[PDB]
Amino acid sequence: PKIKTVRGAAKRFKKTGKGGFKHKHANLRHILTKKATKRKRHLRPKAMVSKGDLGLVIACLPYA
Amino acid sequence: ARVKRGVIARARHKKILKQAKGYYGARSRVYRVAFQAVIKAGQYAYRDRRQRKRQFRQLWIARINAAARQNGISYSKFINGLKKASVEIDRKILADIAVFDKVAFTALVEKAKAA
Amino acid sequence: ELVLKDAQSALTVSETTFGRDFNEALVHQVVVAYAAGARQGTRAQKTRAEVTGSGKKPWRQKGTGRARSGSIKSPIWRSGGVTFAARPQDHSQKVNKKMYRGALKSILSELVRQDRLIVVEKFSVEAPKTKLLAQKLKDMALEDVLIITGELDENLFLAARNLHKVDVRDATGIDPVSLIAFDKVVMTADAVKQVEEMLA
Amino acid sequence: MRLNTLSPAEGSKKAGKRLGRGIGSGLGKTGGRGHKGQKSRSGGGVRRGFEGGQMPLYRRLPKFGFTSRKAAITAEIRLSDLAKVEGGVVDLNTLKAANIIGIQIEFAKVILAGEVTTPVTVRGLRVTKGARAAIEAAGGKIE
RNA sequence: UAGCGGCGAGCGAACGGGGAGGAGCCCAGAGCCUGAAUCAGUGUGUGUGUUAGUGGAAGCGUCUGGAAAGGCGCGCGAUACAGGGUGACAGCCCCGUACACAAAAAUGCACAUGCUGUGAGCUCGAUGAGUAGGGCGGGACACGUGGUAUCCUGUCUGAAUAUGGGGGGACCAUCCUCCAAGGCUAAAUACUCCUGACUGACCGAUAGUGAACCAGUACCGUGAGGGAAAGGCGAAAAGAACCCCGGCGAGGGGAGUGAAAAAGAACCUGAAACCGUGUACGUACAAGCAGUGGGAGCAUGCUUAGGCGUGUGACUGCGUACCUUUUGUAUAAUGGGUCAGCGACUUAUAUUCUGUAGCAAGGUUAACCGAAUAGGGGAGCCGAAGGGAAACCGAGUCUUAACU
Ligand SMILES: [Mg+2]
Ligand SMILES: [Mg+2]
Ligand SMILES: [Mg+2]
Ligand SMILES: [Mg+2]
Ligand SMILES: [Mg+2]
Ligand SMILES: [Mg+2]
Ligand SMILES: [Mg+2]
Ligand SMILES: [Mg+2]
Ligand SMILES: [Mg+2]
Ligand SMILES: [Mg+2]
Ligand SMILES: [Mg+2]
Ligand SMILES: [Mg+2]
Ligand SMILES: [Mg+2]
Ligand SMILES: [Mg+2]
Ligand SMILES: [Mg+2]
Ligand SMILES: [Mg+2]
Ligand SMILES: [Mg+2]
Ligand SMILES: [Mg+2]
Ligand SMILES: [Mg+2]
Ligand SMILES: [Mg+2]
Ligand SMILES: [Mg+2]
Ligand SMILES: [Mg+2]
Ligand SMILES: [Mg+2]
Ligand SMILES: [Mg+2]
Ligand SMILES: [Mg+2]
Ligand SMILES: [Mg+2]
Ligand SMILES: [Mg+2]
Ligand SMILES: [Mg+2]
Ligand SMILES: [Mg+2]
Ligand SMILES: [Mg+2]
Ligand SMILES: [Mg+2]
Ligand SMILES: [Mg+2]
Ligand SMILES: [Mg+2]
Ligand SMILES: [Mg+2]
Ligand SMILES: [Mg+2]
Ligand SMILES: [Mg+2]
Ligand SMILES: [Mg+2]
Ligand SMILES: [Mg+2]
Ligand SMILES: [Mg+2]
Ligand SMILES: [Mg+2]
Ligand SMILES: [Mg+2]
Ligand SMILES: [Mg+2]
Ligand SMILES: [Mg+2]
Ligand SMILES: [Mg+2]
Ligand SMILES: [Mg+2]
Ligand SMILES: [Mg+2]
Ligand SMILES: [Mg+2]
Ligand SMILES: [Mg+2]
Ligand SMILES: [Mg+2]
Ligand SMILES: [Mg+2]
Ligand SMILES: [Mg+2]
Ligand SMILES: [Mg+2]
Ligand SMILES: [Mg+2]
Ligand SMILES: [Mg+2]
Ligand SMILES: [Mg+2]
Ligand SMILES: [Mg+2]
Ligand SMILES: [Mg+2]
Ligand SMILES: [Mg+2]
Ligand SMILES: [Mg+2]
Ligand SMILES: [Mg+2]
Ligand SMILES: [Mg+2]
Ligand SMILES: [Mg+2]
Ligand SMILES: [Mg+2]
Ligand SMILES: [Mg+2]
Ligand SMILES: [Mg+2]
Ligand SMILES: [Mg+2]
Ligand SMILES: [Mg+2]
Ligand SMILES: [Mg+2]
Ligand SMILES: [Mg+2]
Ligand SMILES: [Mg+2]
Ligand SMILES: [Mg+2]
Ligand SMILES: [Mg+2]
Ligand SMILES: [Mg+2]
Ligand SMILES: [Mg+2]
Ligand SMILES: [Mg+2]
Ligand SMILES: [Mg+2]
Ligand SMILES: [Mg+2]
Ligand SMILES: [Mg+2]
Ligand SMILES: [Mg+2]
Ligand SMILES: [Mg+2]
Ligand SMILES: [Mg+2]
Ligand SMILES: [Mg+2]
Ligand SMILES: [Mg+2]
Ligand SMILES: [Mg+2]
Ligand SMILES: [Mg+2]
Ligand SMILES: [Mg+2]
Ligand SMILES: [Mg+2]
Ligand SMILES: [Mg+2]
Ligand SMILES: [Mg+2]
Ligand SMILES: [Mg+2]
Ligand SMILES: [Mg+2]
Ligand SMILES: [Mg+2]
Ligand SMILES: [Mg+2]
Ligand SMILES: [Mg+2]
Ligand SMILES: [Mg+2]
Ligand SMILES: [Mg+2]
Ligand SMILES: [Mg+2]
Ligand SMILES: [Mg+2]
Ligand SMILES: [Mg+2]
Ligand SMILES: [Mg+2]
Ligand SMILES: [Mg+2]
Ligand SMILES: [Mg+2]
Ligand SMILES: [Mg+2]
Ligand SMILES: [Mg+2]
Ligand SMILES: [Mg+2]
Ligand SMILES: [Mg+2]
Ligand SMILES: [Mg+2]
Ligand SMILES: [Mg+2]
Ligand SMILES: [Mg+2]
Ligand SMILES: [Mg+2]
Ligand SMILES: [Mg+2]
Ligand SMILES: [Mg+2]
Ligand SMILES: [Mg+2]
Ligand SMILES: [Mg+2]
Ligand SMILES: [Mg+2]
Ligand SMILES: [Mg+2]
Ligand SMILES: [Mg+2]
Ligand SMILES: [Mg+2]
Ligand SMILES: [Mg+2]
Ligand SMILES: [Mg+2]
Ligand SMILES: [Mg+2]
Ligand SMILES: [Mg+2]
Ligand SMILES: [Mg+2]
Ligand SMILES: [Mg+2]
Ligand SMILES: [Mg+2]
Ligand SMILES: [Mg+2]
Ligand SMILES: [Mg+2]
Ligand SMILES: [Mg+2]
Ligand SMILES: [Mg+2]
Ligand SMILES: [Mg+2]
Ligand SMILES: [Mg+2]
Ligand SMILES: [Mg+2]
Ligand SMILES: [Mg+2]
Ligand SMILES: [Mg+2]
Ligand SMILES: [Mg+2]
Ligand SMILES: [Mg+2]
Ligand SMILES: [Mg+2]
Ligand SMILES: [Mg+2]
Ligand SMILES: [Mg+2]
Ligand SMILES: [Mg+2]
Ligand SMILES: [Mg+2]
Ligand SMILES: [Mg+2]
Ligand SMILES: [Mg+2]
Ligand SMILES: [Mg+2]
Ligand SMILES: [Mg+2]
Ligand SMILES: [Mg+2]
Ligand SMILES: [Mg+2]
Ligand SMILES: [Mg+2]
Ligand SMILES: [Mg+2]
Ligand SMILES: [Mg+2]
Ligand SMILES: [Mg+2]
Ligand SMILES: [Mg+2]
Ligand SMILES: [Mg+2]
Ligand SMILES: [Mg+2]
Ligand SMILES: [Mg+2]
Ligand SMILES: [Mg+2]
Ligand SMILES: [Mg+2]
Ligand SMILES: [Mg+2]
Ligand SMILES: [Mg+2]
Ligand SMILES: [Mg+2]
Ligand SMILES: [Mg+2]
Ligand SMILES: [Mg+2]
Ligand SMILES: [Mg+2]
Ligand SMILES: [Mg+2]
Ligand SMILES: [Mg+2]
Ligand SMILES: [Mg+2]
Numbered sequence: 064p065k066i067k068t069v070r071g072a073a074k075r076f077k078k079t080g081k082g083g084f085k086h087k088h089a090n091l092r093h094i095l096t097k098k099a100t101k102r103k104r105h106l107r108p109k110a111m112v113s114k115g116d117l118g119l120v121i122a123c124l125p126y127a
Numbered sequence: 004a005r006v007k008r009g010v011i012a013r014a015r016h017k018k019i020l021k022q023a024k025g026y027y028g029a030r031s032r033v034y035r036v037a038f039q040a041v042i043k044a045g046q047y048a049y050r051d052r053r054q055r056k057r058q059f060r061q062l063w064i065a066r067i068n069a070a071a072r073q074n075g076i077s078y079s080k081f082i083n084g085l086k087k088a089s090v091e092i093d094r095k096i097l098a099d100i101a102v103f104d105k106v107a108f109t110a111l112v113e114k115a116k117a118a
Numbered sequence: 017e018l019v020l021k022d023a024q025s026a027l028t029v030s031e032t033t034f035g036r037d038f039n040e041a042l043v044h045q046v047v048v049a050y051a052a053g054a055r056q057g058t059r060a061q062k063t064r065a066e067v068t069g070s071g072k073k074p075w076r077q078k079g080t081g082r083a084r085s086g087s088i089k090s091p092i093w094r095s096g097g098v099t100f101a102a103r104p105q106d107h108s109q110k111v112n113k114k115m116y117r118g119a120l121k122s123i124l125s126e127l128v129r130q131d132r133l134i135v136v137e138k139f140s141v142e143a144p145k146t147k148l149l150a151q152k153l154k155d156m157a158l159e160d161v162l163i164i165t166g167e168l169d170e171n172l173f174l175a176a177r178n179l180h181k182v183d184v185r186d187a188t189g190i191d192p193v194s195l196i197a198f199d200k201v202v203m204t205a206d207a208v209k210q211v212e213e214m215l216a
Numbered sequence: 583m584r585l586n587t588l589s590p591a592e593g594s595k596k597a598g599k600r601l602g603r604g605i606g607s608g609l610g611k612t613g614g615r616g617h618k619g620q621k622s623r624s625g626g627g628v629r630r631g632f633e634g635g636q637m638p639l640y641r642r643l644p645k646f647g648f649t650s651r652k653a654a655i656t657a658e659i660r661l662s663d664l665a666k667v668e669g670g671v672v673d674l675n676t677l678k679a680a681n682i683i684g685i686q687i688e689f690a691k692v693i694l695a696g697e698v699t700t701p702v703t704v705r706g707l708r709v710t711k712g713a714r715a716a717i718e719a720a721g722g723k724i725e
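So the protein sequences, as listed, match chains A, B, C and D.
FYI, the numbering for the first sequence is 64 to 127, going by this note's numbering.
FYI, the numbering for the second sequence is 4 to 118, going by this note's numbering.
FYI, the numbering for the third sequence is 17 to 216, going by this note's numbering.
FYI, the numbering for the fourth sequence is 583 to 725, going by this note's numbering.
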């Protein structure tokens, strides 16, 4: 049979042109008044997945 | 394709049992025991090729040290005396001369005396 | 061009079909694949599930001074198991159109070098009889052959069943293994024209 | 070439790792899977994205976005594969027959992928700024 | 994939497309006119097919051997060199095989068509109420009540009835589309207890069915149920008449058969463990993984008028088995009485990476038609373009009011 995509991972990552994955940052859902604006600004944009945990993403979704 | 393996195994066992030919008890006639003895024999064989060279040197040196003290010189002085007179002759031959040609050997000790 | 043995006519056949470098790997792969396609692969042993018997423990786990056993059917036991029992499987393997054509082009070109390819004009026995076909090959100086024809004559077909070393196949139905296997290849002028168009 | 004389290309085949066949094989006894542990066992190893009970990366990061439905029924046509239809008329049904875009694609767009030669009148189709410069420089008038 | 999902584990569509196969009708009823389409039988026609079958080609001589099909040398049939048998491997010795013919009788088919028996086609009328829908509780839909359409309903209710209603995924309105609440319908599709024929990069007696053999037997169990072991003399029984020892025995030894009887029925081959008989050397003052390097003697072979090989191994330096598990094992930690046989990284489909072969901005087909490993069939897939949550823009675009 075909491989089943880890759906949870499909909705949190997205494959860029080179091969790596973009993801949204943590710590930007609730408890924000105590957080400084500089944090909340830096956490707003999408960010690339690190080298260490790339293989864990690549396995979770083999069809990109 | 099924591979019945009765022909190959027997030839493997029979090859090793032939190497164990001579040993006492089960060692000669029982593969499972033989195989250990045959390996150990190899282990000891690899070792004693190194010891052959050590033992024979000791054996020669003993003969030279025996034959020198007949003529009144200790082995330690004899060899130093030969090396000061720059004689390249080894222990193997010195020991063989010391046994066979005594009249010859005497001249080597008389040469070692000079230095 | 390709000369004949009873005319000496210049059949101008294409360059890249009958005159290309012999690629060994491609041919090997295609003939191996053709062999692999011939297999039916109908065979089955029975796994420890499929063996007849009970799932009862022959003796209890502990207490008895014996090696813990779970069933009679386990492959370490006698009379049942075969750990990795094979099932009826399809051994046929895919070959690419361009690779199959490339391989035919490759082998069929090498027959021109080795002179196994004996191209001819009309080749057909008088009546459906083996005795005539057997006698007429002695004049042609042949024995083990693949007589490829465009217009497949029943006369010629029936006359070559019982002959072992002769095989009559239609120009449409040429194979990689056959062109390699047989010692000479007798092609009809129409068959060359058909195969030329087929392989292209 | 005879049926025996054939051989594969050097580098084609590579045997295969046969585990559990003596010391001389290299791998053999614990066939390349070490001593003990979950990974060594038959049916061993953990599932995908399992970091030993720690919250996995695909759960500790927030999900985002939504899958667009309009994005499924739109194509990105190359400027290279433009003049491959019917002289120089590329609406949608014409382009669809040429097998450049799928059947269920209503909207579509022509982008600057390079190279035009013939004059092609691109009707009933969205077209890019750089493509509009090229297609008109070739000859064909858009819309 | 879209979705569903302690949005975890996991589950997983439809639209649209390519194929195989194609076929539609009856009722909730009134006119003239009526056996004419239709089938459902009794049938009638060939063609059969099937359950018995018939014919069916052409080789000899030497050599080896127990025996010829073998070798060697010359023939001949072949729409028959599939295959099995025959004293070793047979185109031509036999049974078959290809090919041409068959059925008194029973039957399973496909068309004429006499027909107890059935209604044409055709205007009109009809169009399925405790129903659809709703509340409550469950279930089925990929869809876990979720914003949940759709269908099935246990329960309580309740329309319009074709200016009517259903649906188009909360819902509403416009458009489009269908017509529920009654029925019957072949083919493509699934299966093989069973009957043939044929084929295996299937097994060859610890395998293959549990079962090659009087096996679902012996035996075990109150019973449900479990469940074995056990193949081969030889070409042909020519299976050893007859003597001898012994208990008018078992068992042997001669004779005789046969190519052979260590092929004599406990019967092809006959390994190992294990147990003997005889020959050579060593062995009753000598300590230990029993070997290993050194090495006298003694016993045997060869050719030479001197040296080697083989067996043995007095004496002597070194030397604590193997596996496992371990920081670490001679360990007094694990496992093995020994031998023989069997016994463990596989198979299928998806996926990424390495090598290799093809073709190259292209590559490539899937099912399927195919007498078929060709050739069609590019439905699709993947690539050549990305950014963005998305509309959207695109060699740029996102971010932002805007970007040096
Ligand atoms: Mg938020
Ligand atoms: Mg602050
Ligand atoms: Mg790293
Ligand atoms: Mg995909
Ligand atoms: Mg063999
Ligand atoms: Mg043995
Ligand atoms: Mg060997
Ligand atoms: Mg021995
Ligand atoms: Mg000895
Ligand atoms: Mg022996
Ligand atoms: Mg030394
Ligand atoms: Mg040294
Ligand atoms: Mg090449
Ligand atoms: Mg059970
Ligand atoms: Mg139970
Ligand atoms: Mg015990
Ligand atoms: Mg079995
Ligand atoms: Mg394979
Ligand atoms: Mg394969
Ligand atoms: Mg041949
Ligand atoms: Mg034949
Ligand atoms: Mg051949
Ligand atoms: Mg063609
Ligand atoms: Mg073509
Ligand atoms: Mg190469
Ligand atoms: Mg290699
Ligand atoms: Mg393998
Ligand atoms: Mg492997
Ligand atoms: Mg390796
Ligand atoms: Mg290693
Ligand atoms: Mg490893
Ligand atoms: Mg270890
Ligand atoms: Mg272990
Ligand atoms: Mg450990
Ligand atoms: Mg490990
Ligand atoms: Mg694994
Ligand atoms: Mg891993
Ligand atoms: Mg397409
Ligand atoms: Mg389910
Ligand atoms: Mg499914
Ligand atoms: Mg589906
Ligand atoms: Mg279709
Ligand atoms: Mg169709
Ligand atoms: Mg369809
Ligand atoms: Mg039709
Ligand atoms: Mg029709
Ligand atoms: Mg009849
Ligand atoms: Mg008849
Ligand atoms: Mg006959
Ligand atoms: Mg004769
Ligand atoms: Mg004779
Ligand atoms: Mg004779
Ligand atoms: Mg004779
Ligand atoms: Mg005789
Ligand atoms: Mg003869
Ligand atoms: Mg002959
Ligand atoms: Mg021969
Ligand atoms: Mg035969
Ligand atoms: Mg036979
Ligand atoms: Mg014989
Ligand atoms: Mg025979
Ligand atoms: Mg032969
Ligand atoms: Mg022969
Ligand atoms: Mg013959
Ligand atoms: Mg035969
Ligand atoms: Mg012959
Ligand atoms: Mg017949
Ligand atoms: Mg008849
Ligand atoms: Mg008949
Ligand atoms: Mg008749
Ligand atoms: Mg009759
Ligand atoms: Mg009659
Ligand atoms: Mg009658
Ligand atoms: Mg009758
Ligand atoms: Mg009958
Ligand atoms: Mg019928
Ligand atoms: Mg409804
Ligand atoms: Mg209802
Ligand atoms: Mg509702
Ligand atoms: Mg309420
Ligand atoms: Mg409800
Ligand atoms: Mg449900
Ligand atoms: Mg459900
Ligand atoms: Mg379900
Ligand atoms: Mg939801
Ligand atoms: Mg909500
Ligand atoms: Mg609705
Ligand atoms: Mg509802
Ligand atoms: Mg639905
Ligand atoms: Mg109801
Ligand atoms: Mg009431
Ligand atoms: Mg009412
Ligand atoms: Mg009301
Ligand atoms: Mg109306
Ligand atoms: Mg109407
Ligand atoms: Mg209305
Ligand atoms: Mg409506
Ligand atoms: Mg809607
Ligand atoms: Mg829908
Ligand atoms: Mg729907
Ligand atoms: Mg209104
Ligand atoms: Mg309305
Ligand atoms: Mg209706
Ligand atoms: Mg109705
Ligand atoms: Mg009813
Ligand atoms: Mg209906
Ligand atoms: Mg059909
Ligand atoms: Mg076999
Ligand atoms: Mg058996
Ligand atoms: Mg047996
Ligand atoms: Mg046997
Ligand atoms: Mg059983
Ligand atoms: Mg059994
Ligand atoms: Mg009983
Ligand atoms: Mg027999
Ligand atoms: Mg026997
Ligand atoms: Mg007798
Ligand atoms: Mg008597
Ligand atoms: Mg008596
Ligand atoms: Mg008595
Ligand atoms: Mg008597
Ligand atoms: Mg008597
Ligand atoms: Mg008697
Ligand atoms: Mg007797
Ligand atoms: Mg007797
Ligand atoms: Mg006799
Ligand atoms: Mg005789
Ligand atoms: Mg004789
Ligand atoms: Mg004998
Ligand atoms: Mg005898
Ligand atoms: Mg006897
Ligand atoms: Mg007897
Ligand atoms: Mg016996
Ligand atoms: Mg025999
Ligand atoms: Mg025997
Ligand atoms: Mg023996
Ligand atoms: Mg003594
Ligand atoms: Mg003594
Ligand atoms: Mg002692
Ligand atoms: Mg000793
Ligand atoms: Mg020695
Ligand atoms: Mg010596
Ligand atoms: Mg002697
Ligand atoms: Mg020698
Ligand atoms: Mg003595
Ligand atoms: Mg010591
Ligand atoms: Mg342990
Ligand atoms: Mg410990
Ligand atoms: Mg130690
Ligand atoms: Mg110990
Ligand atoms: Mg121990
Ligand atoms: Mg321990
Ligand atoms: Mg322990
Ligand atoms: Mg152990
Ligand atoms: Mg033990
Ligand atoms: Mg594996
Ligand atoms: Mg690559
Ligand atoms: Mg090309
Ligand atoms: Mg190239
Ligand atoms: Mg057909
Ligand atoms: Mg096409
Ligand atoms: Mg790919
Ligand atoms: Mg694409
Ligand atoms: Mg490019
Ligand atoms: Mg894009
Ligand atoms: Mg903005």
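C-beta atoms are modelled at their ideal positions from N, C-alpha and C, and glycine is treated no differently.
Cross-chain neighbours of residue i in chain C, by beta carbon under 8 Å
{"i": "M583 (chain D)", "result": "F38, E40, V43, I123, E126 and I196"}
Endpoints, alpha helix (DSSP H) assigned at residue i
{"i": "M214 (chain C)", "result": "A205 to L215"}
{"i": "residue 1 (chain C)", "result": "Residue 1 (chain C) lies beyond the range of chain C shown here (17 to 216); nothing can be said about it."}
Residues that residue i contacts on chain A, provided the C-beta gap is smaller than 7 Å
{"i": "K645 (chain D)", "result": "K74 and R75"}
Chain-ordered neighbours of residue i on chain D, where CB pairs are closer than 8 Å
{"i": "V47 (chain C)", "result": "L585 and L588"}
Terminal residues of the beta strand (DSSP E) in which residue i lies
{"i": "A690 (chain D)", "result": "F689 to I693"}
{"i": "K85 (chain A)", "result": "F84 to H86"}
Contact set for residue i: own chain, Cβ-Cβ below 6 Å, skip 5 residues either direction
{"i": "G613 (chain D)", "result": "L601 and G602"}
Next item on the list: Answer yes if the segment 115–125 of chain C comes into contact with the segment 27–36 of chain C, meaning at least three C-beta pairs across the two stretches below 8 Å, and no otherwise.
Entry: yes
Next item on the list: Flag this pair as touching only if the segment 103–123 of chain C and the segment 48–60 of chain C have three or more C-beta atom pairs under 8 Å; answer yes or no.
Entry: yes
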